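Secondary and tertiary structure notes
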Amino acid sequence: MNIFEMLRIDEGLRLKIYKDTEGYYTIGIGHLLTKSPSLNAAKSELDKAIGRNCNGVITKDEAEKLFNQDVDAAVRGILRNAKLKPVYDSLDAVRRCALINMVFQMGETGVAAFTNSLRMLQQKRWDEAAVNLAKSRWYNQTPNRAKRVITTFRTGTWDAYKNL
């Protein structure tokens, strides 16, 4: 298991514009297009992203390309962030994947509100951090996904995904 297969499990793959759990226009493997209500605004963002007239539809290859870009941008974002970088540097390789997963779903900014949990992860207080992470909107809104990620930070193994 690696970051790509993990995210592919959590996000799925859709080749036509769809609405995410928050109701935002998305495409591919969790690629947010716009937070705007206009499907037209979304179609336009899509075409800008791909470089062709897509008419709300892309190919597998195009979805995978967007995905490579997003994972890369997620990592690069963590490395540039003063709050995130030190946590990331402190973690083992499996746990790093859990942090990248959160960033990909909620952005650098959203992850940064998890101040208290970030501190516990840094300190390697696994059980404590798992309990703190669960006290969030994130967990109440997407509990199955939150559980998989939390289990990953708790144990440092891929158990929560070997099921899947």
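Rules used in this analysis
Residues numbered from 1 in each chain as written, not as in the entry; some residues may be left out. Heavy atoms only, no water. UniProt positions renumbered as here; feature names shortened; annotations may be inferred. Helix = DSSP H or I, 4+ residues; strand = E, 2+ residues; numbered from the N terminus. Contact = heavy atoms within 4.5 Å. Buried < 20%, exposed > 50% of the residue type's maximum accessible area, 1.4 Å probe, protein only. Patch = residues over 30% accessible without salt bridge, like charges linked within 9 Å, V, L, I, M, F, W, Y side chains within 5 Å. Areas by Shrake-Rupley, 256 points an atom, 1.4 Å probe, with all protein chains shown as cover. Salt bridge = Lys/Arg side-chain N within 4 Å of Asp/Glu carboxyl O. Core = buried A, V, L, I, M, F, W, Y, C linked by side-chain atoms within 4.5 Å. Pairing = 2+ DSSP bridges. Axes fitted to C-alpha atoms, helices over the stretch in contact; angles between N-to-C directions.

**As for the UniProt feature "active site" in the protein**
The UniProt entry lists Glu 11 and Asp 20 under the feature "active site", expressed in the numbering used here. Following the sequence through the fold, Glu 11 ends up in helix α1 (residues 3-11). Ignoring any residue separated from it by four or fewer positions in sequence, one finds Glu 11 in contact with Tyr 18, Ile 29, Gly 30, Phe 104 and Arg 145. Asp 20 gets classed as partly exposed once you look at its relative accessible area, which sits at 25%. For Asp 20, the contacting residues outside a window of four places in its chain are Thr 26 and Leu 32.

**A closer look at a nonpolar patch on the surface**
Judged by side-chain polarity, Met 1, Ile 9 and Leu 164 come together as a nonpolar surface patch covering roughly 250 Å² of accessible area. Mapped onto the elements of the fold, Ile 9 is located in helix α1.

**Considerations on the nonpolar core**
With 37 residues, the main nonpolar core has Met 102, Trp 138 and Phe 153 as its most contacted residues. Broken down by secondary-structure element, the contributors of at least two residues to this core are α1, α3 (60-80), α4 (85-90), α5 (93-112), α6 (115-122), α7 (126-133) and α9 (143-155). The biggest single contributor to this core is α5, with nine residues. Discounting chain neighbours no more than four positions away, the residues touching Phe 153 are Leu 91, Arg 95, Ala 98, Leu 99, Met 102, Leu 121, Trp 126 and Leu 133. Residues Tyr 25, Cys 54, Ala 63 and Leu 66 belong to the second largest nonpolar core, which totals 10 residues.

**Points about the sheet that holds strand β1 (residues 14-19)**
In spatial order, the strands read β1-β2-β3; together these three strands make up an open sheet with antiparallel pairing. One side of each edge strand has no neighbouring strand; the edge strands of this open sheet are β1 and β3 (31-34). Strand-to-strand twist in this sheet, taken as the mean axis angle between neighbours without regard to direction, amounts to 25°. The pairing of strand β2 (residues 25-28) with β3 spans three bridges and is antiparallel.

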